[PDB]
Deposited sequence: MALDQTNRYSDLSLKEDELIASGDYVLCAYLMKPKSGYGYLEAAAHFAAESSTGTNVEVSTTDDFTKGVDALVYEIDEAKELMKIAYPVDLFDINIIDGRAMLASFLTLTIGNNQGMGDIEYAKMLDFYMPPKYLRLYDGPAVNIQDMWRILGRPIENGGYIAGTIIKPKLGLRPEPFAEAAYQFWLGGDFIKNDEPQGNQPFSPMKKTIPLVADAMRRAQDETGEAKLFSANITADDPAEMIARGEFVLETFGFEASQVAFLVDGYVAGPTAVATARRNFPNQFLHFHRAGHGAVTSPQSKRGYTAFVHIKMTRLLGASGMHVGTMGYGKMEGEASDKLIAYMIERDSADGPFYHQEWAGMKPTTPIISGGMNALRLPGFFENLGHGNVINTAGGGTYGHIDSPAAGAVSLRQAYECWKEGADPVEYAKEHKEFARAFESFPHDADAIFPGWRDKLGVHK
């Protein structure tokens, strides 16, 4: 087959493809359909992912036994804005994980990593805002400002405007950060133009009573970008003098990259909180299709997410490092970011003050936003005392104090012991 010959070259060296700065590389788990040879199916994938039948994509590496295929994409395949000469993720996705996901000769193919060379990477927006901007608002250090105590209000959807605002007020007496639940917006039982003014008033009340600054992440997701812009402007107008303290929450997996670029390019001076609801449909290890969480979370930095949800890391630090450092390793590719702004990890899926010190030891820092369910609403006293116990668990860790010794001086952290007694170490 001349298709196999034209669209593969196993003699190309990865090192030299990287050195040329002329190629986007992607690594995939691929398995052919029974009867198709690995190299023929791979070359066919490279063809379907580029020219069809020199801007041809090339299979440069196969491991038939490991079900591993590696493809070099000449940079000039990728689409460029007519308005500003910048890159679009939509083009990266359509070539490298587009048509190639419907091919009859392939049982499955999943992107595990990619490499973007400097001349292409620098054409992406990258983030304009991150946790540094939140540290600045809170009056914490601009380097290693540490842990931001956040929550979702429970119940997650269904609270009328007034009970929502009252629960937010109660939380902000102790915690830093509240996010809308990702579906939360302008539902008939809690309209946006009723709820948002009461949340802004709740935030001011908690600020007046504590003398501390607070943070809110408002859902602006919609289909119509005019509606995302209307939501964004209404929220900033409503928060008024506190408008700088509002993050914009975007469901960028189900709404897609265009919704995310809408927030990034219309509201660059606001923290862009990327919510990934629905991502598991492809990123689950149970799926052999689409792309991994690692690939997803790396692309969100390119889009300019200020913070990205990354989960619990086993309670996965490699994903955090790839978004928060200038120089990082994927499972297959080393990536230099050339000072593209970090995206902040936002951790979720429970976690309580007793297990926080081990989470920080593994990560090597606590420069993260935590939207903790169990950790705050499981505290015996109050969700506010729960958020204080979480910050105190960070402060204890940063000091290197002994948690139990630390508890003697810190009632909220002490009462965490009595809150989670079967977590609490003998």
Ranges of the deposited sequence (numbered from 1) for which no C-alpha atom is modelled: 1-2, 56-67, 330-337, 449-461
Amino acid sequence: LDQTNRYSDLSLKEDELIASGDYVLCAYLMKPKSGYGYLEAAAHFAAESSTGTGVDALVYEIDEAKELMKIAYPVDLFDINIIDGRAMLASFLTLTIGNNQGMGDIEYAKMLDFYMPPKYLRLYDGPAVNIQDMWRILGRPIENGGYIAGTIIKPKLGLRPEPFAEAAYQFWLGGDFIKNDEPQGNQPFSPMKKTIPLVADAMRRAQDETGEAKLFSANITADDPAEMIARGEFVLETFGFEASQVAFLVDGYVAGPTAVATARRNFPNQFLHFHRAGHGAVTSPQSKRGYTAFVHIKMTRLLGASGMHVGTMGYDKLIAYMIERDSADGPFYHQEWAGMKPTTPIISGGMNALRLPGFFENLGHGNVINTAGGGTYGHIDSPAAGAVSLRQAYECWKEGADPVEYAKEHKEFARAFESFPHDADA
From here on, numbers count along this sequence of modelled residues.
Would 360-368 or 34-42 have the larger average of its C-alpha temperature factors, as given in the entry? 34-42
Stretch with the higher entry mean CA B-factor, where the candidates are 82-90 and 154-162: 154-162
Among 26, 387, 55, 393, where is the Cα B factor highest in this entry? 55
For the listed residues 103, 249, 303, 200, which one has the largest C-alpha B-factor as given in the deposited model? 103
Can you work out whether the C-alpha temperature factor of residue 312 puts it in the lowest, middle or highest third of the chain? highest
Can you work out whether the C-alpha temperature factor of residue 355 puts it in the lowest, middle or highest third of the chain? highest
Report the third (lowest, middle or highest) to which the CA temperature factor of residue 349 belongs, ranking only the modelled residues of the same chain. highest
So where's residue 99 on the chain's Cα temperature factor ranking, which third? highest
Modelled-residue ranking by C-alpha temperature factor, third containing residue 224: lowest
